[PDB]
Amino acid sequence: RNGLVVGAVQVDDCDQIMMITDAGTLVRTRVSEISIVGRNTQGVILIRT
DNA sequence: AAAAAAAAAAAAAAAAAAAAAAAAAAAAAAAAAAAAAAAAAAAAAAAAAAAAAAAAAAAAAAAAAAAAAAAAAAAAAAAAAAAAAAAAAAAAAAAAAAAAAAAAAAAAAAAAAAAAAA
């Protein structure tokens, strides 16, 4: 897509754990995973960084 | 023959070092277990190969979570001042091969001496 290019990382997570992500240019963040709903292997949703 | 420096007399100031003996620790150098790594054998799971198949991307289309707009408000990060940590550049150095000067052994031959023959 215009926004999405290449799949990067896959992490298994429960419904109350956080996902910390990093960017190549000295940027990161810590997000709560409650606010995103599972979907069936075909879709694009929420931009977190 | 003039200048300069060493050394020695005797009361003063002030320092430095080598070993013995026992018992414990701390460096520092070795054999020797012990496991990576590598060479050279047989051996055996994976790709190949082929036929056969059915599970998920297309396609229609609603709708429901969404990313831009608007607003208010909090305050992370960036650049400018200073103040420390830590590493190349350059120069210096102590043993260390090279050279030169003095001590001990060497015999050739003779002065002086000691000793004895007729």
# chains A, B, ... in the order shown; residues from 1 in each chain; ligands from 1
>>> interface_residues(of="chain A", to="chain B", cutoff="12 Å", atoms="only C-alpha atoms (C1' of nucleotides)", output="number ranges by chain")
A: 27, 35-37, 40-42, 44-47
>>> residues_around(residues="range 19-22 of chain A", least_positions_apart="6", cutoff="10 Å", atoms="only C-alpha atoms (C1' of nucleotides)", output="count of residues only")
12
>>> select_by_dssp(residues="chain A", states="strand (DSSP E)", output="list in words")
residues 18, 19, 20, 21, 22, 23, 27, 28, 29, 30, 31 and 32 of chain A
>>> write_last_selection(atoms="C-alpha atoms", output="mmCIF file, in the first residue's frame")
data_model
loop_
_atom_site.group_PDB
_atom_site.id
_atom_site.type_symbol
_atom_site.label_atom_id
_atom_site.label_comp_id
_atom_site.auth_asym_id
_atom_site.auth_seq_id
_atom_site.Cartn_x
_atom_site.Cartn_y
_atom_site.Cartn_z
ATOM 1 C CA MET A 18 1.639 -3.843 25.743
ATOM 2 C CA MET A 19 3.608 -3.870 22.428
ATOM 3 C CA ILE A 20 6.766 -1.652 22.481
ATOM 4 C CA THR A 21 7.965 -0.770 18.927
ATOM 5 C CA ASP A 22 11.137 0.961 17.545
ATOM 6 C CA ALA A 23 12.000 3.081 14.432
ATOM 7 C CA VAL A 27 12.272 6.585 17.896
ATOM 8 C CA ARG A 28 10.159 4.153 19.935
ATOM 9 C CA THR A 29 6.842 3.986 21.884
ATOM 10 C CA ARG A 30 4.824 1.759 24.322
ATOM 11 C CA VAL A 31 1.130 1.095 23.377
ATOM 12 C CA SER A 32 -1.669 -0.748 25.296
#
>>> atom_distance(atom1="CA of residue 26 in chain A", atom2="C1' of residue 76 in chain B")
14.4 Å
>>> atom_distance(atom1="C1' of residue 62 in chain B", atom2="CA of residue 43 in chain A")
17.9 Å
